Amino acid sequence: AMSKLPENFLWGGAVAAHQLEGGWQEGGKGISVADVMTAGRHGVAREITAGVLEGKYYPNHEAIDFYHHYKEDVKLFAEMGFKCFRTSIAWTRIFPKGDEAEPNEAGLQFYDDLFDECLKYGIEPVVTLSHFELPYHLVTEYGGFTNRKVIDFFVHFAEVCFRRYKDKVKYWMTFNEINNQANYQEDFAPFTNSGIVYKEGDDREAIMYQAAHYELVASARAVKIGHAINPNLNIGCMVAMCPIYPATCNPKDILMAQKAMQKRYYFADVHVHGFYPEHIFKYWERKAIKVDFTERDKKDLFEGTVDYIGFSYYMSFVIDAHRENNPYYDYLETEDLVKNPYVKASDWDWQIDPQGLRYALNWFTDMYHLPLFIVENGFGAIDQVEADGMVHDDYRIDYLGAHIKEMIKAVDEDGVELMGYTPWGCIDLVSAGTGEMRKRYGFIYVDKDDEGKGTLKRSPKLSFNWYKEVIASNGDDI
């Protein structure tokens, strides 16, 4: 009499240090790229400023003060019955500037305290090494991951973490959503993935590919080093999975979708297979893109392939071939996509396609034959607190439950290997794309708004007990 998922399935929740910790200067922590991004809103991009300026609002400085509240917050995770908790180690807490000879003890101690607290309640940490929060010093001084020197800085950081937590953290990922930067047209991904600040005349695409290359090399070096430190460590990649569907069976739409997926997921090919697909080299040739790519890089990549694929899933896309002057079937994320008329969308226009998660799980399995870990899934929405003092987020329950149903079908009917599932922003935190508190994801409401006002009190939403019962039934009761 067993359920459809394995008994040890890793139910949990996921966050990122810069989005919830606050304490942005505590323990000698350095300024991160998140610390120079102002608040925005749907339709209004966050301002990336040259340092911390007066007259600007930086929501990540204080966030929800998890740095101080974590013991109480972790109690809440335990009440829901989390089996794991995904977060990031703030690079700037360990290497404030990035190029220090020795790591920061106060930073390392904080994660000792945090991971110890999780383990007290039987909650396994899942750690992302780089999650959109590299030291700003690496940006101004070195040019971020456009600089081969930054590879060694990351590997140093990774090695320190692997060694410190080798007996406390079983699950690791190197670069959060490493493929986001493929959208090089907008500033968000390049600045966050990679510490790239563009100037007039820059070939944004060529520079993106160079930084992505250095990150893939850094990831591979880190994987090898982590396994040397402890061969039992599970070390994965992390890609944002937004399946791109052809609009119709017109062969042109079909090829557009195939070629768009190729360009957005070559990162996974490198992480998994250890070499670049040939279509990337051909593309670079047509665009006259030159990438500093050495024989040592080739060896590192081949020897540092990942144990599993971590991924985020929120939505799917649709592409067609309506665009003129596209003889090479290039993909422009900002131009070739169209709306899917068969699905609904969030208030931030993120398409709701739970069946796409089943598609995604099958796609990764068929392509790569590795274990998968859904390390983000969530529904960002405006919450209202009712007269009973609780947010009745039936909309969030509906979204999450629909996705859980599809992932269960992938395991039970399709045979995919799925390690676990960690809803994003399980406690309300500062959003990434827009920097809002109002775009809420949590099972736990936090009393703080986009003007920085509120008590910061935590309270369960309707979805809190719902998810508690999901975990307790191992997914049988949704």
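The first residue of the shown sequence is 1; numbering continues from there.
- Averaged over their C-alpha atoms, the temperature factors of 363-371 and 378-386 are higher for 378-386.
- Higher average CA B factor: 448-456, of the stretches 416-424 and 448-456.
- Out of 100, 406, 269, 215, the entry records its largest CA B-factor for 100.
- Remark: of 130, 140, 250, 312, 140 shows the highest value [criterion: C-alpha B-factor in the PDB entry].
- Split the chain's modelled residues into thirds by C-alpha temperature factor. Residue 323 is in the highest one.
- Per the PDB record, residue ranking by Cα B-factor puts residue 443 in the middle third of the chain.
- Ranked against the other modelled residues of its chain, the C-alpha B-factor of residue 286 as given in the entry falls in the middle third.
- Ranked against the other modelled residues of its chain, the C-alpha B-factor of residue 63 as given in the entry falls in the middle third.
- Residue-level temperature factors show residue 24 in the highest third of its chain, judged at the C-alpha atom.
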